[PDB]
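What follows is a short report on a single structure.
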Amino acid sequence: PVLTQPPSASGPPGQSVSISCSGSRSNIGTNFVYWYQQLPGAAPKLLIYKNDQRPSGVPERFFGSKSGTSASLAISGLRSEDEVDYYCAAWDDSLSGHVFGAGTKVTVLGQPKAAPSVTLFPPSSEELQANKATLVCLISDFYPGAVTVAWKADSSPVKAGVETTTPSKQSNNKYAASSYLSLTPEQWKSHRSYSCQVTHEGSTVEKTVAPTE
Amino acid sequence: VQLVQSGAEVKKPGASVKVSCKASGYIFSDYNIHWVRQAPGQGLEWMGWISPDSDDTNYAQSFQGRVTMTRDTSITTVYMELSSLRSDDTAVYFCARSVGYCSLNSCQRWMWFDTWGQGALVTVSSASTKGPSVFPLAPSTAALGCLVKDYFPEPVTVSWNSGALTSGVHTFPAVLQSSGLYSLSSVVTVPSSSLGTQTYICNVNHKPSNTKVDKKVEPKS
Amino acid sequence: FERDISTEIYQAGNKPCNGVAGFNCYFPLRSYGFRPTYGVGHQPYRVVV
């Protein structure tokens with residue numbers, strides 16, 4: 001069997017939250033449960049070991065315990081400056097090995113939406129000289145993220161391997177995303193108006209840029 | 001305690017990769033070392049323990065011959081020789097410090113993973129490497145920028161005005177292309193009064209290819 | 001003069017335990033710890049009879 005965990009949790013700051021790790025009889029209870037937490041862009045670190053002794057290097061802030069099939073990690077309050085995933089691990093005689101949980105996102109609890117702005121970059125003649133043509137459009141200055149970008153030639157959508165990158169968080173409290181599309185020069189000049197649209201869960205704009213200048 | 005090592009180099013599938021982290025500040029005759037990878041969007045997987053005292057290393061249920069290990073007592077650094085890499089190997093490698101010692105299969109419940117630091121990054125790839133053959137990108141307040149394509153591996157650094165401009169420089173994440181390429185996008189913002197008058201260039205440096213291409217963006221004619 | 005090996009959790013009372021660790025159900029196997037910090041009275045002796 002595989003130790004499972006909820007994909008994410010929602011806890012506002014100021015009150016305690018807990019994370020559950022469902023398991024089985026042979027993995028939890030009769031065998032100790034460890035809780036790994038990893039920083040973004042850094043190395044992981046054990047949070048609690050043997051479910052009752054706390055490691056040296058952390059103040060008396062967290063709490064962890066096990067109750068039969070499941071184990072609970074009590075997080076007394078939450079700080080908005082640190083949001084770190086929690087991993088669930090145990091031992092099983094059957095798999096005679098270490099098996100790891102799914103992991104959980106913890107988030108704080110709302111802000112109003114922003115006004116997105118989209119730009120379109122047609123290629124220059126240097127790209128078309130080498131018998132190729134690619135198009136890129138970028139969306140920025142929108143909060144929050146989770147946007148989907150699709151291309152449109154104002155008459156019919158085209159699907160020639162359309163891709164959309166995941167949204168990313170910047171340092172100025174805004175989200176950004178970009179879309180790429182590579183074609184052939186003959187289908188590039190088959191149409192004289194290209195655009196891409198964004199889905200801001202209520203806001204949608206069209207960037208009509210002609211491939212002339 | 002320290003685990004300072006070097007970043008792992010990209011390898012073709014059907015080849016071998018080596019990751020080794022330095023051990024110092026303690027005697028390397030009591031701590032069995034583990035290897036583990038942080039798979040994205042899910043948990044981790046285990047394959048076996050390495051004991052530096054006797055040849056009594058075992059293997060897990062699902063990892064028989066994919067992983068091979070050799071020990072070393074002169075340098076006190078374990079050596080990793082992976083075989084038959086596939087697409088599910090796309091994860092970072094960290095060497096796991098385990099407290100205590102355990103040989104038989106009823107003592108490992110008491111041990112816990114001690115130290116994580118400065119792990120290696122490993123991604124098997126459709127192509128090991130390749131030099132960029134980029135062309136400048138025409139622009140559309142007004143916005144302009146240059147795109148990078150036909151390059152491997154991630155990442156690359158794009159600087160504008162010889163590094164004198166740092167406001168608004170955001171590295172847009174790339175996408176997994178079918179051909180194996182990527183595309184890092186960097187944009188800057190200028191007023192609409194200057195679009196084809198002031199010269200703007202961007203500098204992209206490539207580490208494994210040692211190529212630095214100084215491309216100047218121009219409007220489409 | 002007989003050997004015994006087991007892994008089932010021992011129930012000290014009437015609590016039904018079948019894989020879970022209650023407050024009355026304890027694991028019957030407890031391990032040592034052998035470090036040079038410990039003195040003469042807390043070190044392993046290879047006792048053979």
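So you can find residues: chains in the structure tokens are A, B, ... in the order shown, residues in each start at 1, and ligands are numbered from 1 in order.
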
What are the residues of chain A lining chain C at 6 Å or less? Count only C-alpha atoms, and put the answer as an mmCIF file with C-alpha atoms, in the first residue's frame.
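Listed below is the output, part.cif:
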data_model
loop_
_atom_site.group_PDB
_atom_site.id
_atom_site.type_symbol
_atom_site.label_atom_id
_atom_site.label_comp_id
_atom_site.auth_asym_id
_atom_site.auth_seq_id
_atom_site.Cartn_x
_atom_site.Cartn_y
_atom_site.Cartn_z
ATOM 1 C CA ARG A 25 -2.504 -1.152 10.702
ATOM 2 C CA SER A 26 0.907 -2.522 9.675
ATOM 3 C CA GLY A 29 0.842 2.686 15.214
ATOM 4 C CA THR A 30 3.059 -0.387 15.406
ATOM 5 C CA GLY A 68 -4.184 4.314 15.593
#

May I have a table of the residues of chain B lying at most 10 Å from chain C, giving each one's closest pair of atoms and their distance in Å to one decimal, counting only C-alpha atoms, ordered by chain and ascending residue number, as a Markdown table?
| residue | atom | partner | partner_atom | distance |
| --- | --- | --- | --- | --- |
| B:100 | CA | C:33 | CA | 8.8 |
| B:101 | CA | C:33 | CA | 9.9 |
| B:106 | CA | C:29 | CA | 9.2 |
| B:107 | CA | C:31 | CA | 7.6 |
| B:110 | CA | C:31 | CA | 8.3 |

Write the selection just made, keeping N, CA and C atoms, as an mmCIF file, in the first residue's frame?
data_model
loop_
_atom_site.group_PDB
_atom_site.id
_atom_site.type_symbol
_atom_site.label_atom_id
_atom_site.label_comp_id
_atom_site.auth_asym_id
_atom_site.auth_seq_id
_atom_site.Cartn_x
_atom_site.Cartn_y
_atom_site.Cartn_z
ATOM 1 N N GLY B 100 22.408 6.642 13.769
ATOM 2 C CA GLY B 100 22.588 5.305 14.287
ATOM 3 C C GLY B 100 23.044 4.292 13.246
ATOM 4 N N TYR B 101 22.821 3.025 13.583
ATOM 5 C CA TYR B 101 23.250 1.904 12.765
ATOM 6 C C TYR B 101 22.189 0.820 12.835
ATOM 7 N N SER B 106 14.740 -5.527 11.679
ATOM 8 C CA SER B 106 13.837 -5.203 12.777
ATOM 9 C C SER B 106 14.420 -4.127 13.685
ATOM 10 N N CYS B 107 15.391 -3.361 13.197
ATOM 11 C CA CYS B 107 15.967 -2.254 13.942
ATOM 12 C C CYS B 107 15.796 -0.910 13.256
ATOM 13 N N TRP B 110 13.571 2.583 14.485
ATOM 14 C CA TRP B 110 14.040 3.614 15.401
ATOM 15 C C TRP B 110 14.865 4.707 14.728
#

Based on only C-alpha atoms, which of the residues in chain B come within 6 Å of chain A? I want them as a ChimeraX atom specification. /B:42-44,46,116-117,135,137-140,175,220

Using only C-alpha atoms, which residues sit within 7 Å of residue 142 (chain B) once same-chain residues fewer than 2 positions away are excluded, as a short mmCIF file (atom, residue, chain, number, x, y, z; two decimals) with C-alpha atoms, in the first residue's frame?
data_model
loop_
_atom_site.label_atom_id
_atom_site.label_comp_id
_atom_site.auth_asym_id
_atom_site.auth_seq_id
_atom_site.Cartn_x
_atom_site.Cartn_y
_atom_site.Cartn_z
CA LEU B 144 9.99 44.46 -25.94
CA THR B 189 8.98 47.90 -20.21
CA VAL B 190 9.74 51.18 -22.01
CA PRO B 191 7.55 54.22 -22.78
CA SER B 192 5.88 54.34 -26.19
#

Any chance you could list, as JSON, numbers by chain, the residues in region 106-139 of chain A that come up alpha helix (DSSP H) when DSSP is run on the backbone? {"A": [125, 126, 127, 128, 129]}
